[PDB]
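>>> Sequence first, structure after, both from an experimental entry:
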There are 2 protein chains.
Amino acid sequence: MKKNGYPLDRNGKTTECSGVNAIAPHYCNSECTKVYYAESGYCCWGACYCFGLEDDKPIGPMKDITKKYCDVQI
Amino acid sequence: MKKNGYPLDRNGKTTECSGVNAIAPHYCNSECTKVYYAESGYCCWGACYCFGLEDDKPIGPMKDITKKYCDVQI
């Protein structure tokens, strides 16, 4: 089963996105698909949020309010 | 067959999106799904762009550069 969330890098941190990369999904969509092999992604509250990540991919912890807000588009 | 594009309203115009509704997909996603019965949507260059619109839904004309840029997420 796949999942959605903020993928973490080797330093245990999320991928920041701001400015033009916060308004357009392209930057985060590229990171999500090419680096974490997810189905898609966009910038959700300052960090790249991905959809369709494989279950083994480490993602950042988040409150229910944040998760519900970020899950959109797939 | 479904299609993607800028749905037009009764006045033959697109749905404008700016400010917080240009940074977050929620506004346009709601319009796209609830008003035009599409699968999803987001703000692409100042207007709500929808995915999965039924073929009979009138959409705004756009150049190839704009279409390729907007098609992301589905």
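Sure, I can see it. Numbers count the residues shown, from 1 in each chain, chains lettered A, B, ... in the order given.
>>> gap between residue A:56 and residue A:1?
To residue A:1, residue A:56 is 11 Å away according to C-beta to C-beta, to the nearest Å. The way it works is simple: take the backbone N, C-alpha and C, and place the C-beta from them, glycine included.
>>> Tell me where chain A has helices.
A:20-23, A:26-30, A:64-70 (DSSP state H).
>>> so, in contact with chain B or not, the shortest one?
The one in question is helix A:20-23. Yes - with C-beta under 8 Å from any C-beta of the partner chain as the measure, helix A:20-23 is seen reaching chain B through A:22-23.
>>> With only the CA atoms kept, save that helix in CSV.
C-alpha atoms of helix A:20-23 as CSV (Å, rounded to 0.1, in the frame of the first residue of the first chain):
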residue,chain,number,x,y,z
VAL,A,20,7.8,30.5,-7.1
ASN,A,21,8.2,26.9,-6.0
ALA,A,22,5.5,27.4,-3.4
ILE,A,23,3.0,28.8,-5.9
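>>> Return the distance of that helix from the chain's centre.
14 Å (C-alpha atoms, centre = their mean, to the nearest Å).
>>> Can you give the contact residues for it?
A:27-28, A:43, A:46, B:22-23 (C-beta atoms under 8 Å, 6 or more residues apart in numbering or on different chains).
>>> follow-up on the earlier one: with respect to burial, which of the helices of chain A scores highest?
Stretch with highest mean neighbour count among the helices of chain A: helix A:26-30 (a mean of 19; mean count of other C-beta atoms under 10 Å in any protein chain shown).
>>> Run through who's touching that one.
So helix A:26-30 is contacted by A:15, A:17, A:20-21, A:40-43, A:48-50, B:72-73 (C-beta under 8 Å, 6+ apart).
>>> same deal with stretch A:67-74?
Contacts for stretch A:67-74 (C-beta under 8 Å, 6+ apart): A:4-5, A:39-40, A:42, A:44-45, A:49, A:51-52, A:62, B:25-26, B:29, B:40, B:42, B:73-74.
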